[PDB]
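Coming up, as structure tokens: structure 1 and structure 2, two forms of one and the same protein chain.
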Structure 1
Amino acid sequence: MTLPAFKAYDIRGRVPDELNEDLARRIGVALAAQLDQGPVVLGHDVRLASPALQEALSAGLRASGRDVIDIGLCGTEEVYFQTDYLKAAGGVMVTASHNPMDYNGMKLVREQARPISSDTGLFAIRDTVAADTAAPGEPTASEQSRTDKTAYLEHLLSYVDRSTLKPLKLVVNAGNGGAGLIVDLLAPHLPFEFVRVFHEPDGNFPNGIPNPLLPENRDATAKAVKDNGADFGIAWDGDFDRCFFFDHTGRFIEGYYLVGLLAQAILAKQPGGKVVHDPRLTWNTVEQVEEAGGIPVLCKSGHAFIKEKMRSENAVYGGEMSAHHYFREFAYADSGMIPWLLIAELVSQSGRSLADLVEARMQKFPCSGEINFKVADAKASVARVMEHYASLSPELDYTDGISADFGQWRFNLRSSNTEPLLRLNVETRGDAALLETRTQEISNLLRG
């Protein structure tokens, strides 16, 4: 076996069982051998163990002759931005994003904030770490503290025309993660009225884990929107690389529809651009991109795949239905801040509420949302679905799992690689009844 903390795209584990200061220091040593020359940017989130793990990581890096730029408490996207902006050799964010309190982890990037994944260095780091029995060296390099967020803040504001913004009333819910610090730095430069919920960074998480998909967190944001007559509400996960929207009725907006909306917002500024999207839910995105005069580019889901595809296509924007939004101008990386600035600008300029913008698309392309099935045998469950629908002769595509297009409805079925878990997404052309029947039909086939 191997170190469980090392997953396909990042490091994640329970503290101190699977991730601790010694592993963090050894990761620092091993990372120094994988990067090109240059300093390494380090940041961390609000979790209690995060400063300790980042300092151990810094010690291991500086023991191997790497200068470290410590940007302190931050969101994950700030590590991406500063790594690119400072022309660093790489960057590490210490975070467990949205996971329980006993968890922590790291996201690693190399130059230009390109991801380090299991086949692009991460497992080379793992094997090095797993074989390193040597005694800790002494730091032979400097740590510079650079907590100024000015360039990051200026970059965020460049995406919108501030003279066109209306004074919207916005609920913001940092979930006691790091997002509220950025909101407060942006607030002097914007006309919005903010209603701050769960605002202060607090790694004890007195209001629950910063995971806006949990129904108790959803309800706190929705209630704040309705109680304050806000134009819309925004919630983030702990390291705020994901943002989630609530319209003025308090309705939680399914992330699929935001891809098409952000695409049309962006394409109004960069006409004719390419937009990368994933294959789970597609029809609404394709139509909104083409109507705005852009070119949709299908890609495998997963941030590593999206980012590489955006680079090879010079795509201006890429989005996933699971609340990941990537921007060419932002070093081809994801941000949980750019999306809501663009949406506030779209609401301001159009005179349409977020509800009306979303409602129109939901009626045209109703979707099931992503549905998970633990099964005994993934291959057998998939075969049972395929053979059942064979006589309708769907158009099949295998970009990411199996996509079957029947004309008036389609589905995508992906299998997890670790565990026997199937993920289902269904959508139709304007037919909510068909959506429900086919979704329950497939659900039965997947189960008993």
Structure 2
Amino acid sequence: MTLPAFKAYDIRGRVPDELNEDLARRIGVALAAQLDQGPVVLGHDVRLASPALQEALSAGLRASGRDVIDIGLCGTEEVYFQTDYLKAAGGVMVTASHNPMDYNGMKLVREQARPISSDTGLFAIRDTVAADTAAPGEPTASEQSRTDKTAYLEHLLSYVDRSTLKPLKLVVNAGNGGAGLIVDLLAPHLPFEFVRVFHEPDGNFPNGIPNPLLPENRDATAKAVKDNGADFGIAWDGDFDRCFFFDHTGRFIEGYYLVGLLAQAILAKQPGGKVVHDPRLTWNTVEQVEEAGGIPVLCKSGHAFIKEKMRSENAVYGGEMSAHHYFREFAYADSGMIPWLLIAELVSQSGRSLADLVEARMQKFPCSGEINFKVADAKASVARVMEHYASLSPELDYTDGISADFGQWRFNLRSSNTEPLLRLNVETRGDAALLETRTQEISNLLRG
């Protein structure tokens, strides 16, 4: 038995049996022993238990001599940004994404907001916490409240030339998470008219836990766009490190296509740079990056792998189709805010709608959408897929599960690192029929 809340990438579990104030305090103590010198930034999301868990983390950190910088209710990217900006030793964001109401969690970073993951400190914290029967000591360091968002907001706005922006009408859907607070702080500096949907932070989640991928939640943004004639819409998850785009027809744009589009937007500002992308869906990104004079860099999926590869490559931008977009000067971190500012600037400057910006790309590299499978035997199921296709001799790559490139179509098939699932992505060279027949064929094999 090990504490189940400790996952590969972060901590998450049901309160109070898998995560509670006692464990939170012990995590703070253990984190203090894992970090280089300096204070620790703490922030939390809108969930009802988040402040108390953060307080417990603070008590454990301060009992271990760490000054705490409490940045308050915020998004995950604000913990990243402030940890790096203030040159802190590390940071913790108290958040659970789209987990049930009785769940919470923590995302931990060290210096420069470098992720702490299972094999880079998180399981060391787990093992310390698991064995810690010490009496809780008393605080020896202090907590300061630092809710000034000025440097954060200036950083976000530095990505666009405000004088080129047009008064676009934008639907924004925080899903009752925290994104609306940042939208409202940016709004005085922008010419846009916002149509605010599910805007107020509310950890009771009266309109559902924030997950723009669920069709009922997707449709709320789509309807607001259509009914208001908005140029485009943006929705976020609760901690707003993920962003989801809807064109002026209400159509949700698959996150794959935002990677190539945002890469081109960044490459116009930082020419010739490297762009990091995941292996799930690739061909459109590679082509668009190259077309814009950048250099694409294939990387395993998962935010910590993306960030590490961006650092080693001095990459200007990285993007995953799972709705995460990473920016070198933003501490190599992901932001749910930078992407829509860039897209709004692109629409403003080009005179093209978001739909037009992506339409030809979606026709040229149609994709299945990510299809998930919980099967009895994942390894045997993957083996059945590969055995079926062996006679076509695809080019195989093992960066992240199995990528198989057949020429006019390819797939990526991999185990998720956040759920016990297999994830399938298929794309083709402009061939919707081949896309469907191969996707259904693989699905049948996986379910066999």
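Structure 1's sequence is the ruler for residue numbers, which start at 1. For clarity, a rigid core is taken as the largest C-alpha set superposing within 1.5 Å between two forms.
- Once the cores line up, the CA of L48 ends up less than 2 angstroms apart between the two structures.
- Residue displacement note: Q34 has its CA displaced by under 2 Å between the two structures (rigid core superposed).
- After superposing the rigid core, the Cα of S416 is displaced by 2 Å or more between the two structures.
- Here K379 exhibits a Cα shift of 2.3 Å between the two structures, evaluated on the superposed rigid core.
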